[PDB]
Each structure stands twice: as C-alpha cells, then as structure tokens.
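Since the structure comes first, as structure tokens, the remarks are kept for the end.
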Ligand SMILES: *[C@@H]1O[C@H](CO)[C@@H](O)[C@H](O)[C@H]1NC(C)=O
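Residue numbers (our numbering), protein chains in the order written: chain P, 41 to 165; chain W, 9 to 200.
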C-alpha cells in the first residue's frame with residue numbers, strides 16, 4: 041500500500057514535489073517508480089529507482105525531474121521542477137520487491153505489482 | 009551480428025509452461041540496436057549494467073520465450089513469487105541477464121495459450137514441466153477429472169478482446185548470460 045502526496049495546480053516553469061509513502065513494508069529492498077497517466081493515454085513511466093540506487097528517467101523529463109529515496113525516512117520523493125503543460129496528468133507511484141538489484145533500460149507498468157491511487161498534477165495559467 | 013530478429017520477431021511463441029530455449033553463439037550482440045523497438049513495455053537487466061553490455065563477453069547466451077499476462081510480467085525476474093514464477097518459469101536468485109516484454113494482443117488475442125495452476129512443488133530455477141497429468145487436491149494424482157477435487161493442472165489464458173491490459177497477452181523473451189572458464193561465443197561491439 042502506497043500513499044501519494046504533493047500534487048496540485050502549478051504555473052508553467054513552477055515546482056512540485058511528489059511524495060510516495062509506504063505502509064506495512066520497508067522501501068529498503070524495494071524498487072519504486074513514478075508513473076503518469078494523461079486523460080485516455082496509457083501509463084507512462086516517468087522516473088524509477090531500484091535498490092541499486094540505479095535510476096531511469098523518461099527522455100522528456102530528464103533534466104527537470106529527480107527521484108530520491110530516504111531509506112531512513114521511508115519516503116521516495118519525485119522533485120518536479122521546470123514544469124511544462126505536457127506534464128499535466130495523474131501521477132502514481134509503484135513498488136516492487138527488488139532483493140537483487142534491477143537495472144532499467146526502460147520502466148513500465150509491467151514492472152510493478154503494488155500501486156498508489158494517484159495525485160493530480162496540473163500545469164497551466 | 010546475433011539473430012535477435014528470429015527470437016523477438018517470431019510469428020509463434022510458446023505457452024509459458026512449455027517455454028522454448030534458443031542458443032545465441034558465435035556472433036556480436038549490440039543490445040542497443042535491439043532496444044530501438046519502442047514496443048518494449050519492459051526491458052530490465054540483472055547482474056549487468058545495460059550500458060556496459062556493449063563491452064562484455066559471455067561463454068553462453070540463452071533466449072527463453074513465453075506468453076504470460078500483463079500483470080504476470082513482473083514475475084519473470086529473480087527471487088519472485090507467483091503462479092508463473094513457482095510453477096511455470098523460475099529464475100535463479102543470482103540471475104545474470106535481461107527480461108524483455110511487449111504487448112501481443114495483436115497476434116495472440118484469441119490464441120491457444122496455457123499456464124500451470126497446480127503443482128506438487130515449486131520449480132527449480134530454469135526447470136520446465138510439460139506434464140499433463142491430472143492433479144488431486146487431497147487425492148492422488150491421475151484421478152478422474154469428472155470426480156470432485158480433481159483438476160487438469162493446465163488452464164487456458166482466455167485473452168478475450170475486451171479485457172484490461174493487465175489481462176492481455178504479453179510476449180516475454182529472457183536473455184540469460186553466463187561466462188565460465190570456457191571460450192567466448194558472444195561479445196559486444198567494443199570487445200569483438
Ligand atoms: C491435457 O489433456 C487433455 C486430455 O487429453 C486435453 O484435452 C488438454 O487439451 C491437454 N492440455 C494441454 C496439452 O495443454
């Protein structure tokens with residue numbers, strides 16, 4: 041079970057910090073990903089981090105988004121800076137056990153079994 | 009250049025319980041040209057950096073392939089739980105290789121595909137079980153399926169045209185790498 045916070049209404053170029061919070065397990069030996077789903081379109085992977093601390097980012101967010109794990113504070117936060125309207129969607133975080141370290145060439149919904157409910161992110165003026 | 013086309017672009021794929029193995033040998037393997045198929049919902053590797061694959065050499069590479077459900081692709085990975093990873097296709101904890109998957113509803117919807125529900129025990133890593141003997145819950149196996157507590161262990165997937173992506177067919181190919189004290193048969197571009 042995953043609780044997600046930090047989304048909301050932001051002007052183009054603004055900042056947002058999405059939080060993902062586990063209940064009932066530790067994110068130490070887990071991999072966590074951030075996913076967005078625009079209206080109609082399919083869940084695209086935004087950024088993922090494995091227990092390796094190896095990361096992935098979609099090409100469209102590379103310079104602007106940053107994933108980070110706080111293995112002591114059991115939080116995984118996505119820093120969303122330099123926001124664009126294209127970034128408007130519902131953002132879910134996902135978690136999969138990762139007892140051996142994973143390396144992502146891509147990240148997809150097919151890589152996780154546990155999901156959050158979503159936070160709405162809107163970039164407009 | 010390794011014959012990756014014949015594995016991934018193959019017209020037919022196996023049922024996961026009857027997964028097929030293909031041997032990649034005496035060729036150069038540019039995995040980065042394999043990537044460029046943006047159809048790949050999944051492309052994760054274990055025990056090797058995917059950037060560093062271009063400079064590695066292996067003594068033996070295998071390409072296993074199978075058709076499972078979208079929400080089962082996560083089970084095709086080391087050290088995982090589920091009906092697929094414990095009765096159909098298991099990977100070692102120290103697995104060294106890559107797992108690639110893509111949506112195949114175009115070719116495998118309305119397809120005769122199966123998976124094993126019941127088994128006496130969990131598969132050893134890389135084991136395969138093609139048995140179609142009836143499973144007895146509390147009973148002895150080989151019992152009559154018309155009787156109660158007796159089931160056929162292999163069940164069709166039912167890839168109907170209305171299901172969610174979590175239920176549609178996905179084709180998976182698992183490249184497994186190993187290098188022992190033996191000559192190299194597969195190398196990347198940098199280390200030909
Ligand atoms: C298992 O055996 C039964 C009876 O021979 C057959 O109807 C069924 O198709 C078989 N399933 C397989 C081979 O997957």
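Yeah, the Cβ is synthetic: ideal placement off N, Cα and C, and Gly gets one too.
Check, Outcome
"Option in P:101, P:90 and P:124 with minimal Cα separation from residue 108 of chain P", "P:90"
"Segment contact flag, the stretch 37–51 of chain W with the stretch 142–159 of chain W, C-beta cutoff 8 Å, min 3 pairs", "no"
"CB of residue 153 of chain P within 8 Å of CB of residue 136 of chain P, strictly", "yes"
"Near-chain W residues of the stretch 120–139 of chain P (beta-carbon distance less than 9 Å), N- to C-terminal order", "136, 137, 138 and 139"
"Residue 1 of chain W classed as buried or exposed, judged by whether at least 16 other C-beta atoms fall within 10 angstroms", "For chain W, the structure presents residues 9 to 200; residue 1 of chain W sits outside this window and is missing."
"8 Å Cβ cutoff, residue 152 of chain P in contact with chain W", "yes"
"Positions along the stretch 113–127 of chain W whose CB lies within less than 7 Å of some CB in chain P", "none"
"Residues of the stretch 52–70 of chain W whose Cβ lies closer than 8 Å to any Cβ of chain P, in chain order", "52, 53, 54, 55, 56, 57 and 58"
"Helix, strand or coil at residue 138 of chain W [DSSP, three-state]", "coil"
"Residue ranges of each alpha helix (DSSP H) within the stretch 75–156 of chain W, 4 or longer", "91–95 and 113–116"
"Nearest to residue 93 of chain W (by Cα), restricted to the options W:24, W:34 and W:198", "W:24"
"Contacts around residue 146 of chain W, its chain only, beta-carbon distance under 6 Å, and the 5 residues preceding and following it disregarded", "157"
"Helix, strand or coil at residue 110 of chain P according to DSSP, with G and I counted as helix", "strand"
"Near ligand 1: residue 140 of chain W beta-carbon under 7 Å from a heavy atom", "yes"
"Residue 60 of chain W (DSSP reduced to helix, strand or coil)", "helix"
"Sub-8 Å separation of residue 169 of chain P and residue 156 of chain P beta-carbons", "This structure leaves residue 169 of chain P out entirely; chain P is present only between 41 and 165."
"Closest Cα partner of residue 41 of chain W within the set W:22, W:11, W:176 and W:55", "W:11"
"Closer than 8 Å at the beta carbon, the chain P residues around residue 20 of chain W", "Those do not exist, as residue 20 of chain W stays about 21 Å from chain P at its closest Cβ, beyond 8 Å."
"Distance, residue 90 of chain W Cα to residue 151 of chain W Cα", "26 Å"
"Residue 97 of chain P at chain W interface by Cβ criterion, 8 Å", "no"
"Residue burial classification, residue 35 of chain W (beta-carbon count within 10 angstroms, cutoff 16)", "exposed"
"Contact with chain W by residue 144 of chain P, beta-carbon distance below 8 Å", "yes"
"beta-carbon residue 216 of chain W near ligand 1 non-hydrogen atom, thresh 7 Å", "Past the edges of chain W, shown from 9 to 200, lies residue 216 of chain W, and the structure says nothing about it."
"Sub-8 Å separation of residue 146 of chain P and residue 178 of chain W beta-carbons", "no"
"For residue 53 of chain W: DSSP bridge partner residues", "P:143 and W:106"
"Burial state of residue 83 of chain W (16 or more Cβ within 10 Å)", "buried"
"Any C-beta of chain P under 8 Å from that of residue 43 of chain W", "yes"
"Exposure label - residue 176 of chain W; buried when at least 16 CB within 10 Å", "buried"
"Identity of the residue in W:43, W:143, W:17 and W:107 nearest residue 182 of chain W by Cα", "W:107"
"Residue 56 of chain P, enclosing beta strand (DSSP E) - first and last residue", "56–62"
"Buried versus exposed, by CB contacts within 10 Å (16 or more), residue 186 of chain W", "exposed"
"8 Å Cβ cutoff, residue 148 of chain P in contact with chain W", "yes"
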